[PDB]
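File shown: model.pdb. Contents: PDB, C-alpha atoms (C1' of nucleotides).
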```pdb
ATOM      1  CA  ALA A 502      26.664  11.370-120.704
ATOM      2  CA  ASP A 503      28.501   8.997-118.349
ATOM      3  CA  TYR A 504      30.372   7.219-121.160
ATOM      4  CA  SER A 505      31.435  10.591-122.579
ATOM      5  CA  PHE A 506      32.627  11.662-119.121
ATOM      6  CA  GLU A 507      34.543   8.377-118.834
ATOM      7  CA  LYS A 508      36.263   9.038-122.169
ATOM      8  CA  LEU A 509      37.020  12.631-121.119
ATOM      9  CA  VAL A 510      38.552  11.432-117.831
ATOM     10  CA  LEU A 511      40.642   8.842-119.692
ATOM     11  CA  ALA A 512      41.806  11.509-122.165
ATOM     12  CA  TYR A 513      42.814  13.851-119.328
ATOM     13  CA  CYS A 514      44.639  11.029-117.518
ATOM     14  CA  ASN A 515      46.452  10.123-120.742
ATOM     15  CA  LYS A 516      47.570  13.759-121.153
ATOM     16  CA  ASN A 517      49.307  13.917-117.713
ATOM     17  CA  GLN A 518      46.526  16.064-116.217
ATOM     18  CA  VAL A 519      45.170  13.817-113.452
ATOM     19  CA  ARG A 520      45.319  16.716-110.977
ATOM     20  CA  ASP A 521      43.175  18.796-113.335
ATOM     21  CA  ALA A 522      40.995  15.723-113.960
ATOM     22  CA  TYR A 523      40.084  15.457-110.264
ATOM     23  CA  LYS A 524      39.134  19.149-110.164
ATOM     24  CA  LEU A 525      37.034  18.746-113.317
ATOM     25  CA  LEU A 526      35.272  15.669-111.909
ATOM     26  CA  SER A 527      34.583  17.436-108.601
ATOM     27  CA  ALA A 528      33.220  20.489-110.433
ATOM     28  CA  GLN A 529      31.000  18.306-112.636
ATOM     29  CA  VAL A 530      29.637  16.353-109.658
ATOM     30  CA  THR A 531      29.034  19.464-107.526
ATOM     31  CA  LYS A 532      27.649  21.719-110.280
ATOM     32  CA  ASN A 533      26.177  19.571-113.063
ATOM     33  CA  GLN A 534      25.225  16.454-111.005
ATOM     34  CA  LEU A 535      26.907  13.752-113.091
ATOM     35  CA  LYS A 536      26.859  10.128-111.938
ATOM     36  CA  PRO A 537      29.936   8.469-113.494
ATOM     37  CA  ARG A 538      30.368   4.728-113.860
ATOM     38  CA  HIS A 539      32.487   2.601-111.530
ATOM     39  CA  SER A 540      35.241   2.190-114.133
ATOM     40  CA  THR A 541      35.846   5.958-114.187
ATOM     41  CA  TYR A 542      36.242   6.006-110.401
ATOM     42  CA  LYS A 543      38.546   2.970-110.642
ATOM     43  CA  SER A 544      40.706   4.721-113.252
ATOM     44  CA  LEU A 545      40.877   7.932-111.201
ATOM     45  CA  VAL A 546      41.746   6.091-107.965
ATOM     46  CA  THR A 547      44.402   4.005-109.744
ATOM     47  CA  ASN A 548      45.939   7.031-111.492
ATOM     48  CA  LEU A 549      45.962   9.307-108.427
ATOM     49  CA  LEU A 550      47.860   6.722-106.352
ATOM     50  CA  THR A 551      50.945   6.733-108.590
ATOM     51  CA  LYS A 552      54.275   7.685-106.999
ATOM     52  CA  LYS A 553      54.780  11.149-108.503
ATOM     53  CA  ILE A 554      51.164  12.304-108.092
ATOM     54  CA  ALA A 555      50.816  11.059-104.494
ATOM     55  CA  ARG A 556      53.942  12.917-103.335
ATOM     56  CA  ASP A 557      52.406  16.151-104.715
ATOM     57  CA  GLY A 558      49.361  15.985-102.433
ATOM     58  CA  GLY A 559      47.295  13.665-104.634
ATOM     59  CA  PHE A 560      46.599  11.302-101.745
ATOM     60  CA  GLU A 561      44.215  13.809-100.138
ATOM     61  CA  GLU A 562      42.188  13.968-103.359
ATOM     62  CA  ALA A 563      42.193  10.169-103.735
ATOM     63  CA  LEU A 564      41.027   9.919-100.113
ATOM     64  CA  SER A 565      38.309  12.541-100.618
ATOM     65  CA  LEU A 566      37.047  10.534-103.606
ATOM     66  CA  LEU A 567      35.783   7.781-101.243
ATOM     67  CA  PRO A 568      33.084   9.931 -99.523
ATOM     68  CA  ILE A 569      32.038  11.406-102.894
ATOM     69  CA  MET A 570      32.021   7.941-104.489
ATOM     70  CA  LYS A 571      30.176   6.592-101.427
ATOM     71  CA  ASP A 572      27.487   9.286-101.786
ATOM     72  CA  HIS A 573      26.332   7.855-105.130
ATOM     73  CA  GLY A 574      25.947   4.376-103.609
ATOM     74  CA  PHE A 575      29.198   2.786-104.923
ATOM     75  CA  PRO A 576      31.275   0.473-102.721
ATOM     76  CA  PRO A 577      34.504   2.053-101.455
ATOM     77  CA  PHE A 578      37.699   0.788-103.068
ATOM     78  CA  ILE A 579      40.026  -1.083-100.705
ATOM     79  CA  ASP A 580      42.419  -2.689-103.201
ATOM     80  CA  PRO A 581      44.299   0.285-104.811
ATOM     81  CA  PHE A 582      45.314   1.874-101.493
ATOM     82  CA  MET A 583      47.010  -1.355-100.367
ATOM     83  CA  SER A 584      49.612  -1.110-103.143
ATOM     84  CA  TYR A 585      50.395   2.473-102.126
ATOM     85  CA  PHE A 586      50.658   1.576 -98.431
ATOM     86  CA  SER A 587      52.927  -1.381 -99.226
ATOM     87  CA  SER A 588      55.564   0.949-100.707
ATOM     88  CA  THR A 589      55.576   4.501 -99.287
ATOM     89  CA  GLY A 590      52.459   4.888 -97.127
ATOM     90  CA  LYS A 591      52.754   6.736 -93.841
ATOM     91  CA  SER A 592      50.914   6.085 -90.587
ATOM     92  CA  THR A 593      49.393   9.589 -90.473
ATOM     93  CA  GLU A 594      47.929   8.997 -93.931
ATOM     94  CA  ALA A 595      46.993   5.437 -92.923
ATOM     95  CA  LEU A 596      44.834   6.537 -89.991
ATOM     96  CA  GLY A 597      43.196   9.185 -92.170
ATOM     97  CA  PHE A 598      42.464   6.511 -94.773
ATOM     98  CA  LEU A 599      41.044   4.146 -92.150
ATOM     99  CA  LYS A 600      38.859   6.897 -90.693
ATOM    100  CA  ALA A 601      37.710   8.473 -93.964
ATOM    101  CA  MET A 602      36.089   5.261 -95.223
ATOM    102  CA  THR A 603      33.205   5.255 -92.714
ATOM    103  CA  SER A 604      31.766   7.249 -89.837
ATOM    104  CA  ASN A 605      31.925   4.828 -86.873
ATOM    105  CA  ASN A 606      35.600   5.681 -86.229
ATOM    106  CA  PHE A 607      36.831   2.558 -88.124
ATOM    107  CA  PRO A 608      35.512  -0.177 -90.405
ATOM    108  CA  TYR A 609      35.243  -3.771 -89.184
ATOM    109  CA  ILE A 610      38.272  -5.718 -87.981
ATOM    110  CA  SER A 611      38.906  -7.341 -91.379
ATOM    111  CA  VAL A 612      39.838  -4.086 -93.155
ATOM    112  CA  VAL A 613      42.366  -3.079 -90.474
ATOM    113  CA  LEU A 614      43.666  -6.669 -90.496
ATOM    114  CA  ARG A 615      44.115  -6.438 -94.277
ATOM    115  CA  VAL A 616      45.983  -3.128 -93.871
ATOM    116  CA  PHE A 617      48.301  -4.673 -91.258
ATOM    117  CA  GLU A 618      48.887  -7.776 -93.395
ATOM    118  CA  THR A 619      49.647  -5.698 -96.503
ATOM    119  CA  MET A 620      52.097  -3.483 -94.604
ATOM    120  CA  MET A 621      53.702  -6.584 -93.066
ATOM    121  CA  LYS A 622      54.145  -8.444 -96.369
ATOM    122  CA  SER A 623      56.553  -5.739 -97.634
ATOM    123  CA  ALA A 624      58.960  -6.090 -94.649
ATOM    124  CA  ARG A 625      57.722  -2.836 -93.061
ATOM    125  CA  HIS A 626      57.225  -3.552 -89.364
ATOM    126  CA  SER A 627      57.894   0.041 -88.260
ATOM    127  CA  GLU A 628      54.942   2.017 -89.646
ATOM    128  CA  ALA A 629      52.646  -1.019 -89.439
ATOM    129  CA  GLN A 630      53.256  -1.290 -85.705
ATOM    130  CA  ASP A 631      53.177   2.513 -85.197
ATOM    131  CA  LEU A 632      49.754   2.557 -86.864
ATOM    132  CA  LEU A 633      48.599   0.271 -84.041
ATOM    133  CA  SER A 634      49.496   3.079 -81.631
ATOM    134  CA  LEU A 635      46.855   5.303 -83.265
ATOM    135  CA  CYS A 636      43.912   2.914 -82.891
ATOM    136  CA  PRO A 637      41.705   2.226 -79.844
ATOM    137  CA  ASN A 638      41.712  -0.857 -77.668
ATOM    138  CA  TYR A 639      39.196  -3.045 -79.520
ATOM    139  CA  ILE A 640      41.660  -3.446 -82.404
ATOM    140  CA  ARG A 641      44.736  -3.495 -80.144
ATOM    141  CA  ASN A 642      43.403  -6.170 -77.763
ATOM    142  CA  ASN A 643      41.690  -8.238 -80.467
ATOM    143  CA  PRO A 644      43.212 -11.756 -80.659
ATOM    144  CA  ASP A 645      43.335 -11.778 -84.479
ATOM    145  CA  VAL A 646      45.418  -8.586 -84.673
ATOM    146  CA  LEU A 647      47.890  -9.789 -82.027
ATOM    147  CA  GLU A 648      48.057 -13.157 -83.805
ATOM    148  CA  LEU A 649      48.772 -11.457 -87.155
ATOM    149  CA  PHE A 650      51.491  -9.344 -85.535
ATOM    150  CA  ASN A 651      52.853 -12.525 -83.933
ATOM    151  CA  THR A 652      53.024 -14.515 -87.203
ATOM    152  CA  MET A 653      54.621 -12.009 -89.615
ATOM    153  CA  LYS A 654      57.163 -10.916 -87.016
ATOM    154  CA  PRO A 655      60.272  -8.913 -88.037
ATOM    155  CA  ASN A 656      62.390 -11.856 -86.833
TER     156      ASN A 656
ATOM    157  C1'   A B   1      45.507   3.697 -67.945
ATOM    158  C1'   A B   2      40.883   5.549 -65.928
ATOM    159  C1'   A B   3      36.414   8.499 -66.394
ATOM    160  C1'   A B   4      33.740  11.996 -69.632
ATOM    161  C1'   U B   5      28.575  -7.705 -79.889
ATOM    162  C1'   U B   6      24.139 -11.594 -82.136
ATOM    163  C1'   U B   7      20.945 -12.724 -86.298
ATOM    164  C1'   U B   8      18.455 -11.315 -90.568
ATOM    165  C1'   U B   9      17.288  -8.147 -94.667
ATOM    166  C1'   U B  10      18.566  -5.964 -98.738
ATOM    167  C1'   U B  11      20.649  -1.171-101.916
ATOM    168  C1'   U B  12      24.822  -0.163-104.917
ATOM    169  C1'   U B  13      28.935  -2.134-108.013
ATOM    170  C1'   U B  14      29.776  -6.901-109.232
ATOM    171  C1'   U B  15      30.438 -12.553-111.469
ATOM    172  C1'   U B  16      28.588 -15.004-115.435
ATOM    173  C1'   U B  17      24.316 -15.294-117.860
ATOM    174  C1'   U B  18      18.236 -16.328-119.376
ATOM    175  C1'   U B  19      14.694 -14.094-122.393
ATOM    176  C1'   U B  20      12.708 -10.108-125.392
ATOM    177  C1'   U B  21      13.307  -5.705-128.426
ATOM    178  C1'   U B  22      16.027  -1.973-131.471
ATOM    179  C1'   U B  23      20.417  -0.224-134.007
ATOM    180  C1'   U B  24      25.432  -0.935-136.474
ATOM    181  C1'   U B  25      28.469  -4.549-138.911
ATOM    182  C1'   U B  26      28.995  -9.198-141.605
ATOM    183  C1'   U B  27      27.489 -13.529-144.289
ATOM    184  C1'   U B  28      23.836 -15.911-147.676
ATOM    185  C1'   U B  29      20.144 -15.841-152.497
ATOM    186  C1'   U B  30      18.499 -13.242-156.940
ATOM    187  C1'   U B  31      19.580  -8.726-159.635
ATOM    188  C1'   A B  32      23.530  -2.674-164.873
ATOM    189  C1'   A B  33      27.427  -2.501-168.249
ATOM    190  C1'   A B  34      30.700  -4.459-175.091
ATOM    191  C1'   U B  35      48.805   0.840-192.205
ATOM    192  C1'   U B  36      49.942  -1.409-196.981
ATOM    193  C1'   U B  37      52.032  -5.363-200.063
ATOM    194  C1'   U B  38      53.638 -11.047-201.067
ATOM    195  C1'   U B  39      53.059 -16.315-199.240
ATOM    196  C1'   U B  40      50.418 -20.070-196.246
ATOM    197  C1'   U B  41      46.073 -21.663-193.593
ATOM    198  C1'   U B  42      40.742 -21.551-192.117
ATOM    199  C1'   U B  43      35.282 -20.989-193.247
ATOM    200  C1'   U B  44      30.035 -20.511-196.409
ATOM    201  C1'   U B  45      27.969 -21.573-201.593
ATOM    202  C1'   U B  46      27.901 -24.569-206.459
ATOM    203  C1'   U B  47      28.845 -29.055-209.505
ATOM    204  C1'   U B  48      31.675 -33.498-210.487
ATOM    205  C1'   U B  49      34.665 -38.157-208.633
ATOM    206  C1'   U B  50      35.638 -41.858-204.901
ATOM    207  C1'   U B  51      35.231 -44.310-200.249
ATOM    208  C1'   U B  52      32.459 -45.693-195.960
ATOM    209  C1'   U B  53      28.363 -46.652-192.331
ATOM    210  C1'   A B  54      23.016 -47.067-191.387
ATOM    211  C1'   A B  55      24.197 -41.523-192.587
ATOM    212  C1'   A B  56      29.170 -39.159-193.177
ATOM    213  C1'   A B  57      34.006 -37.891-195.040
ATOM    214  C1'   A B  58      37.872 -37.112-198.551
ATOM    215  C1'   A B  59      40.186 -35.500-203.739
ATOM    216  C1'   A B  60      39.769 -31.405-207.923
ATOM    217  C1'   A B  61      37.699 -26.334-209.888
ATOM    218  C1'   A B  62      35.314 -21.463-209.026
ATOM    219  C1'   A B  63      33.118 -17.449-205.976
ATOM    220  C1'   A B  64      33.080 -14.712-201.154
ATOM    221  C1'   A B  65      35.202 -13.623-195.965
ATOM    222  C1'   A B  66      39.230 -13.914-191.871
ATOM    223  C1'   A B  67      43.868 -15.154-189.295
ATOM    224  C1'   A B  68      49.375 -16.277-189.064
ATOM    225  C1'   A B  69      54.811 -15.874-191.464
ATOM    226  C1'   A B  70      58.150 -12.261-194.626
ATOM    227  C1'   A B  71      59.078  -6.979-196.625
ATOM    228  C1'   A B  72      58.176  -1.394-196.610
ATOM    229  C1'   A B  73      56.336   2.995-194.151
ATOM    230  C1'   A B  74      54.250   5.475-189.862
ATOM    231  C1'   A B  75      54.191   6.077-184.457
ATOM    232  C1'   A B  76      56.830   5.424-179.327
ATOM    233  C1'   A B  77      61.492   4.503-176.074
ATOM    234  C1'   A B  78      67.171   4.035-174.769
ATOM    235  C1'   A B  79      72.551   4.777-175.948
ATOM    236  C1'   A B  80      76.849   7.684-178.395
ATOM    237  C1'   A B  81      78.544  12.654-180.485
ATOM    238  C1'   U B  82      74.163   7.330-186.068
ATOM    239  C1'   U B  83      72.439   2.623-183.852
ATOM    240  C1'   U B  84      68.894  -0.675-181.214
ATOM    241  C1'   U B  85      63.819  -2.285-179.563
ATOM    242  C1'   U B  86      57.950  -2.506-179.634
ATOM    243  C1'   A B  87      46.097  -3.578-175.185
ATOM    244  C1'   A B  88      48.122   2.964-172.879
ATOM    245  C1'   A B  89      47.849   6.524-169.521
ATOM    246  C1'   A B  90      47.178   4.570-164.607
ATOM    247  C1'   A B  91      41.234   9.605-159.907
ATOM    248  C1'   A B  92      43.835   7.774-155.377
ATOM    249  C1'   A B  93      43.749   9.001-150.743
ATOM    250  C1'   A B  94      40.854   8.694-146.784
ATOM    251  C1'   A B  95      37.906   5.392-144.119
ATOM    252  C1'   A B  96      36.772   0.180-142.014
ATOM    253  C1'   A B  97      38.890  -4.938-139.677
ATOM    254  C1'   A B  98      43.085  -7.840-137.955
ATOM    255  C1'   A B  99      48.421  -8.587-136.745
ATOM    256  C1'   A B 100      53.513  -6.748-135.586
ATOM    257  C1'   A B 101      57.222  -2.755-134.233
ATOM    258  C1'   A B 102      58.379   1.963-131.942
ATOM    259  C1'   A B 103      58.464   5.731-128.193
ATOM    260  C1'   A B 104      56.365   7.655-122.791
ATOM    261  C1'   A B 105      53.281   6.251-117.961
ATOM    262  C1'   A B 106      51.887   1.727-115.486
ATOM    263  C1'   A B 107      55.352  -2.672-115.722
ATOM    264  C1'   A B 108      50.882  -8.192-116.070
ATOM    265  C1'   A B 109      44.053  -1.539-116.672
ATOM    266  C1'   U B 110      41.697   0.393-120.233
ATOM    267  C1'   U B 111      46.028   5.807-124.721
ATOM    268  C1'   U B 112      49.124   6.882-129.595
ATOM    269  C1'   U B 113      51.780   6.564-134.278
ATOM    270  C1'   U B 114      54.144   3.686-137.994
ATOM    271  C1'   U B 115      54.508  -0.836-140.901
ATOM    272  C1'   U B 116      52.021  -5.147-143.169
ATOM    273  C1'   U B 117      47.618  -7.823-144.896
ATOM    274  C1'   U B 118      42.137  -7.627-146.473
ATOM    275  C1'   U B 119      38.187  -4.441-148.091
ATOM    276  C1'   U B 120      35.013  -0.147-150.896
ATOM    277  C1'   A B 121      34.421   0.877-156.912
ATOM    278  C1'   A B 122      28.527  -1.261-155.298
ATOM    279  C1'   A B 123      22.810  -0.376-155.697
ATOM    280  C1'   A B 124      17.069  -2.849-154.837
ATOM    281  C1'   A B 125      14.430  -6.912-152.443
ATOM    282  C1'   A B 126      14.687 -11.253-148.809
ATOM    283  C1'   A B 127      16.898 -14.089-144.433
ATOM    284  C1'   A B 128      20.036 -15.196-140.358
ATOM    285  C1'   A B 129      24.356 -14.391-137.183
ATOM    286  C1'   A B 130      28.404 -11.277-133.984
ATOM    287  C1'   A B 131      28.968  -6.458-131.342
ATOM    288  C1'   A B 132      26.518  -2.119-128.971
ATOM    289  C1'   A B 133      22.095  -0.077-126.486
ATOM    290  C1'   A B 134      17.364  -0.944-123.101
ATOM    291  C1'   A B 135      14.724  -4.073-119.536
ATOM    292  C1'   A B 136      13.090  -7.647-116.045
ATOM    293  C1'   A B 137      15.587 -11.087-113.482
ATOM    294  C1'   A B 138      18.220 -17.428-112.191
ATOM    295  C1'   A B 139      21.880 -18.397-109.067
ATOM    296  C1'   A B 140      27.047 -16.594-105.289
ATOM    297  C1'   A B 141      28.861 -11.391-101.898
ATOM    298  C1'   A B 142      34.125  -9.011 -98.677
ATOM    299  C1'   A B 143      33.700  -4.162 -96.946
ATOM    300  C1'   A B 144      30.490  -0.072 -97.077
ATOM    301  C1'   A B 145      24.042   0.597 -95.967
ATOM    302  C1'   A B 146      20.414  -0.643 -92.160
ATOM    303  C1'   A B 147      16.854  -2.888 -88.698
ATOM    304  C1'   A B 148      15.815  -5.788 -84.730
ATOM    305  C1'   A B 149      19.059  -6.810 -81.458
ATOM    306  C1'   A B 150      24.276  -8.021 -75.145
ATOM    307  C1'   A B 151      24.814  -2.872 -74.962
ATOM    308  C1'   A B 152      25.781   0.878 -71.519
ATOM    309  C1'   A B 153      25.663   6.240 -70.102
ATOM    310  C1'   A B 154      23.222  11.569 -70.617
ATOM    311  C1'   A B 155      18.769  14.502 -72.076
ATOM    312  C1'   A B 156      13.562  15.326 -73.659
ATOM    313  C1'   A B 157       7.838  13.951 -74.159
ATOM    314  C1'   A B 158       3.495  10.523 -72.234
ATOM    315  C1'   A B 159       0.891   6.653 -68.955
ATOM    316  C1'   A B 160       0.706   4.133 -63.481
ATOM    317  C1'   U B 161      11.182  12.120 -53.869
TER     318        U B 161
END
```
Rewrite the coordinates I just gave you, this time as C-alpha cells.
Amino acid sequence: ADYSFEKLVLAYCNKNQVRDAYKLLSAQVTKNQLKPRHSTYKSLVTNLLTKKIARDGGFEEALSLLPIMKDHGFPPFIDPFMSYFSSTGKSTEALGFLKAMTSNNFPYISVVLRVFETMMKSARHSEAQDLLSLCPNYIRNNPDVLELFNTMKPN
RNA sequence: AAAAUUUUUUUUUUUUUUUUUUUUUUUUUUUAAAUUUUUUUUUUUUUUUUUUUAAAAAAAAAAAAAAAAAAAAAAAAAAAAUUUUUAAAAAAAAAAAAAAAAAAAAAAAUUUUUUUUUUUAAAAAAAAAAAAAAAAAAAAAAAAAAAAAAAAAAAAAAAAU
C-alpha cells in the first residue's frame, strides 16, 4: 500500500493540492496506520517548503512532519529547510525548527553551525545573528560558533 | 547575568552491491495457410537427314498445349458543353518501447499532452538475458536513538541528627 500512497501523494502534489495532501497523509497515519516510504516524505517536505505554500502557513505543517516522520524511525531531514532559511526564513521559525527536531532543547553543535553557515552564505547577517540571541550559552560561548561568525563577517 | 562532556553499541533511511527465488518483458531454435480474333515465339510426342563427342545438338513435316505484339468489344476514371487513359477495395484504432517539441510548478526531484520512429496480425514446446518483487547480508555513516559514562542539583525505597 505504501507505493500506492506514494503515487497518490505525487498526484495530489501535481494537482496543486499539497495543503490537502498533508491533511490526507496525517489522517491516513493517525487513522489507518500507514507507514510511507522515505521518498514520499522527501517529496512532501520539498513541496511544502516552496515560496507560495510556506507563506500560507505551510511551514508549521512541514515542521510538524519531522516528529511524525521521526516516530516511524526515519532520520529527520536537514537539507530542505536550509534552502528555505537561506531565502526568507525568520528567526522565530528558525528557533522553532531547531527545537522541534529533538527533545533536549537543541541538536548537537553541528546542526546549529550548519544553520548559521547557510544563513551566512546568502549575505543575511541580521537574522542569523538575531537567532544567536535566542539560544543558550553553550552555543553562544562555543569557540566554533564564534569562529564561524568571525569568518563570514558582514564586512 | 545569577540562582531555580568521554567512549562504545547499534535501529532506521541510506551508498553500491553478493547470492537465491518468483513474476513481467525481450532475444534465440523448431513449428498453419494457394473477352474474342490475326501474327510471332516456346514446350511434349513421332519419323527422316546431317554434324559432333565418348554421348549430345541442329535442319524439315505433323499432332497437342501456353505466352508476347496488332485489331474489335466490354468494364472503370478525368476534362468541355464529344475527347483522353487503364492485381481492387484498403477492419484500423488502441496499446507497448524510445527520441524531440509545447505549456505550468521547481529552475539542475520524481507529472502531462502532442509529434516522429519501431512493434502486434501471432499460437505450442525449449533455453537464456534486462526490469520489478521478496530475503539474508560484504563493506562506509552526518544528525536523530541509546547505554555506560566528568556531571551536578531535588525527591522516593533498602542495607550499615
I'd like the neighbourhood of residue 9 (chain B) as a PDB file with C-alpha atoms (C1' of nucleotides), keeping the file's coordinate frame, where a residue qualifies if any of its atoms comes within 12 Å (using only C-alpha atoms (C1' of nucleotides)), though same-chain residues fewer than 4 positions away should be ignored.
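This is the output file out.pdb:
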```pdb
ATOM      1  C1'   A B 145      24.042   0.597 -95.967  1.00  0.00           C
ATOM      2  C1'   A B 146      20.414  -0.643 -92.160  1.00  0.00           C
ATOM      3  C1'   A B 147      16.854  -2.888 -88.698  1.00  0.00           C
ATOM      4  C1'   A B 148      15.815  -5.788 -84.730  1.00  0.00           C
TER       5        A B 148
END
```
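Near chain A, counting all atoms listed in the file at 6 Å, the chain B residues are residues 12, 13, 111 and 144 of chain B.
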Exercise. If the PyMOL selection byres ((chain B and resi 67) around 8) is run on the structure shown, which residues does it catch, given as a PyMOL selection string?
Worked result: chain B and resi 42+66+68
For this session: In Å, rounded to a single decimal, give me how far CA of residue 643 (chain A) is from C1' of residue 149 (chain B).
Result: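 Pair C1' of residue 149 (chain B) / CA of residue 643 (chain A) returns 22.7 Å.
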Problem set entry | Point-to-point distance in Å for CA of residue 567 (chain A) and CA of residue 641 (chain A) |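 These atoms are spaced 25.5 Å apart.
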